[PDB]
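> Task: produce atomic coordinates for the following.
(4 chains)
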Amino acid sequence: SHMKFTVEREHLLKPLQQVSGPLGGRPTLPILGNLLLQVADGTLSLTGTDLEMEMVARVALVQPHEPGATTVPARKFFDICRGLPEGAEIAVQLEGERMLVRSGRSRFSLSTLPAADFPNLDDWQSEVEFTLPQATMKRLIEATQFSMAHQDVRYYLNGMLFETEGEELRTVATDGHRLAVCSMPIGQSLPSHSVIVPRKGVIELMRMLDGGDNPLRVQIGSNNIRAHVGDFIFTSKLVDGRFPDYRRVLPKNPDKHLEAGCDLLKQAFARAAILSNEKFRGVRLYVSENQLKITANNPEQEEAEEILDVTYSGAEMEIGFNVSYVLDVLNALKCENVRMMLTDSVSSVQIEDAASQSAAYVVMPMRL
Amino acid sequence: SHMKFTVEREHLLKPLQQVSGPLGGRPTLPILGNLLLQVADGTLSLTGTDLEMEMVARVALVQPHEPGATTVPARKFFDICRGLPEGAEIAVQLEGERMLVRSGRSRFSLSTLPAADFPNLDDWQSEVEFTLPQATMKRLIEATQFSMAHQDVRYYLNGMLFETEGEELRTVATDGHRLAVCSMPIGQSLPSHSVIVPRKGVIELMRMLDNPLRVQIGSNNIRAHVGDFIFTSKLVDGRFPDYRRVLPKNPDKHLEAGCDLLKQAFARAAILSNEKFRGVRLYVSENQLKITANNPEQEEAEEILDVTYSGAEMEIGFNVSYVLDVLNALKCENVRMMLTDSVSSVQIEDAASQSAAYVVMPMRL
Amino acid sequence: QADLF
Amino acid sequence: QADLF
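Numbers count the residues shown, from 1 in each chain, chains lettered A, B, ... in the order given. Below you will find the coordinate block:
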């Protein structure tokens, strides 16, 4: 291949970091540890993939260049560029089966694999399209991401539901014990559509949203999603399966309403967790007039007890929770006051910011 | 025990952090995951141990207190105090076999084990004593600790030599491939003595230094007292190599170069070095150092640098990690390297200071 | 631990 | 790797 380009170090670094995202340690196939480099019509394209998703970055070439393509080891190429001095000019060209990198009197010769062998996601058609601020997408993901399953056999839970309805984009994540849902208006009327983005794709999409001026352009096909932000293009396959319906998970008629400060509640739960069972993480909540008592016991016979003033009137009740589930919600809310809606000791509780209904959290108790 | 004390959260945090230091994650005996707490004469003492070393912290009690002692789980007690709000008043007392911790409307009951069951390092006598600034001791350790062996069969290398000679305190650390030595004058005529401190003890002593440091050396122990903290460790029994024998005898080759420029060139070349053996090739002639690195994928890195060089042209191989460790430890402008041939050790130092010296043995390429 | 669904 | 001693 004839491929040649010269580019400033600082135009390469963030592109290289981004496209190396899909790459896991110990790739199954050697070429999956490589980046595809393509020079065409004044643009350098860099692609990384894991066969389920891909990340593409486009870099403008103003200095002399020659078209062509190759694939090089991602981590080694990134480490070389990062290790060069600030402001370095990076001259790249092909020599047989090697890619040569020169800056000053630093020279590197990397092994390559043919660009013709690099895997590509199958062609597909967009059927839903919309743009939204990056901050809006970031908020939608951070508000729910923690509730996704990790490696459940129910593969559709190891991902995030992305749903369009009316003017809003909604994210839903659940692991069967706890659920998180968040809706945000995007100011454009949309068709009703729902897709499941794999966990790993959710993390990638999250990582491409910086503190930037660019909008996020989203395209959804029957089996793929694409997100375009500036000079970055992320594509992922979608997860098959029926995602649970959050509307059916929300507690139907919660007759008990507690309100309390978010940080006061968080710090009390965080201290009580110290003396909770390391495996089961159970804490007990005792609600009585304008008071919440949190207790935690462990197999060493130790006990933590926190008493808080809260706003509550109604029947005294005792309910048990996995304290990590509660702390996850309080950390995600990061608001002033929290509202908890309860029914009884065997039913779920709904937690939300007392001042906003944009996000809702449902946590199932442990038997008391 | 009738032990009782009330202390502000901020007077407990650093003491608790320090004494939990000797504590390893999986204690063989439950007591070894505990801290010994003792109230006597207006002082709270806190002790942590792993049977080889111990750390003691003393906290003044200005609020009401009652004497006594108990042992409590270290990590749980620390986490509770840390997790309480800034300025919290922490009230402690015993209730049977439980230690009750109270602050605001937070209440913790911890399981205890008797103070009488807490291990003590055997009684011992000090035979060498000296005082020095804690920053001087920290520098002596910092300059050499990366060269200690980790789990070498030669147990005496998995630690650091502390040696007194004339008016100097010296540290030496080696793993048999590379060596670091640092000397500092401490203003007192000292007896000639040398002891080996275990590596875990060296790391613990280093972490306690941030008041003069009073050092006491016994036949089998070392003690360091600074401020309200006392660290004691057993010593490693064995014979440490003589660094004076390791220093290059008559180096006929001298190289000088910028420290950062050398370090960044080695760091980039390392990327394409063998992941296991880490070998880089140094070719020095005509005031130019050429660093090359190759790997099993037949990839190659080459760096050329301007250097000041006297001596015949030569090629010599090194484990690039050993060289980068040395350059990282020398936080200086220029470095001087003294060489003899491709099979002999090289001495590396700050071109402007002879207080620390580093000896790296080459590899064949 | 109880289940949501 | 050669030995120092």
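> hey, let's count contacts and neighbours off CA atoms from now on
OK.
> Run a quick neighbour tally on residue A:282.
Residues lying near residue A:282 (other C-alpha atoms under 10 Å in any protein chain shown) number 26.
> To clarify, my last question referred to residue A:12.
For residue A:12, using other C-alpha under 10 Å, the count is 19.
> Now do the same contact list for it.
Neighbouring residues of residue A:12 by C-alpha atoms under 8 Å, 6 or more residues apart in numbering or on different chains: A:59, A:81.
> Output whichever helix or strand it is part of in PDB with nothing but the alpha carbons.
Per DSSP states H and E: residue A:12 is located in helix A:9-19. Extracted C-alpha coordinates of helix A:9-19, given in PDB (Å, rounded to 0.1, in the frame of the first residue of the first chain):
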ATOM      1  CA  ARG A   9       0.700  14.500  17.700                       C
ATOM      2  CA  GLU A  10      -2.200  16.400  19.300                       C
ATOM      3  CA  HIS A  11      -4.500  15.700  16.400                       C
ATOM      4  CA  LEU A  12      -3.900  12.000  16.800                       C
ATOM      5  CA  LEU A  13      -4.200  11.400  20.600                       C
ATOM      6  CA  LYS A  14      -7.900  11.700  21.300                       C
ATOM      7  CA  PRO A  15      -8.800   9.900  18.100                       C
ATOM      8  CA  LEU A  16      -6.500   7.000  19.100                       C
ATOM      9  CA  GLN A  17      -7.900   6.900  22.600                       C
ATOM     10  CA  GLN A  18     -11.400   6.800  21.300                       C
ATOM     11  CA  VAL A  19     -11.100   4.100  18.600                       C
END
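> Any idea how far it is from the middle of the chain?
21 Å (C-alpha atoms, centre = their mean, to the nearest Å).
> Would you mind listing the buried residues in that helix?
Neighbour-count burial for helix A:9-19 flags A:9-10, A:12, A:15-16, A:18-19 (criterion: 16 or more other C-alpha atoms under 10 Å in any protein chain shown).
> which other residues reach stretch A:252-268?
Against stretch A:252-268 from outside (C-alpha under 8 Å, 6+ apart): A:294, A:306, A:308-315, A:327, A:330-331, A:333-343, A:354, B:83-84.
> buried subset of those?
Here, 16+ other C-alpha under 10 Å leaves A:294, A:306, A:308-312, A:327, A:330, A:333, A:335, A:337-343, A:354, B:83-84 buried among the contacts of stretch A:252-268.
> Which strand residues bridge residue A:225?
Listed beta-bridge partners, residue A:225: residue A:220, residue A:236 (assigned using DSSP bridges).
> can you map out the helices along the stretch 251-368 of chain A?
A:262-273, A:323-333 (DSSP state H, counting those that start in this stretch).
> quick one, the first one and helix B:74-83 angle?
The directions of helix A:262-273 and helix B:74-83 differ by 170 degrees, with axes from the mean of the first three to the mean of the last three C-alpha atoms, to 10 degrees as the criterion.
> thinking again about what came up before, chain C: which of the buried residues of helix A:9-19 is nearest?
residue A:18 (36.5 Å; C-alpha to the nearest C-alpha).
> quick one: that closest one and residue A:58 touch, right?
No: between residue A:18 and residue A:58 there is no contact under C-alpha atoms under 8 Å: 11.1 Å.
> and the next element down the chain from the lengthiest strand in chain A?
Longest strand of chain A, by residue count under DSSP state E: strand A:178-198. Later in the chain than strand A:178-198, the nearest helix or strand by DSSP H and E is helix A:199-207.
> and that following helix, C-alpha only, in PDB?
The C-alpha trace of helix A:199-207 is given here as PDB (Å, rounded to 0.1, in the frame of the first residue of the first chain):
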ATOM      1  CA  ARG A 199     -23.700  -2.900  28.200                       C
ATOM      2  CA  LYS A 200     -20.300  -2.400  26.400                       C
ATOM      3  CA  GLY A 201     -21.900  -0.200  23.800                       C
ATOM      4  CA  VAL A 202     -23.500   1.900  26.500                       C
ATOM      5  CA  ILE A 203     -20.000   2.400  28.100                       C
ATOM      6  CA  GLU A 204     -18.500   3.400  24.700                       C
ATOM      7  CA  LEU A 205     -21.300   5.800  23.900                       C
ATOM      8  CA  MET A 206     -20.900   7.400  27.400                       C
ATOM      9  CA  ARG A 207     -17.100   7.700  26.800                       C
END
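> Tell me how far the residue nearest the centre of chain A lies from chain B.
Chain A has residue A:203 as the residue nearest its centroid, 3.2 Å off, counting by C-alpha atoms, centre = their mean. Distance of residue A:203 to chain B, given as C-alpha to the nearest C-alpha, to the nearest Å: 28 Å.
> Could I get the contacting residues of that residue?
By C-alpha under 8 Å, 6+ apart, residue A:203 has no neighbours at all.
> Ok, the one 3 residues further on next?
By C-alpha under 8 Å, 6+ apart, the contact set of residue A:206 is A:138, A:141.
> if we go to 7 Å?
With contacts taken as C-alpha atoms under 7 Å, 6 or more residues apart in numbering or on different chains, residue A:206 has the following neighbours: residue A:138.
> Please list the residues of chain A that sit near chain C.
Residues of chain A that fall close to chain C, judged by C-alpha under 7 Å from any C-alpha of the partner chain: A:176-177, A:249, A:364-367.
> all strands in the stretch 201-350 of chain A, in order from the N-terminus.
Ranges of strands in the stretch 201-350 of chain A, per DSSP state E, counting those that start in this stretch, are A:215-220, A:224-229, A:232-237, A:256-261, A:282-288, A:291-297, A:303-309, A:317-322, A:337-342, A:349-353.
> Looking at the ones you listed, which is nearest to residue C:2?
Among the strands of the stretch 201-350 of chain A, the nearest to residue C:2 by C-alpha to C-alpha is strand A:317-322 (9.7 Å).
> contacting residues for residue A:237?
Contacts of residue A:237 by C-alpha under 7 Å, 6+ apart are A:52-53, A:223-225.
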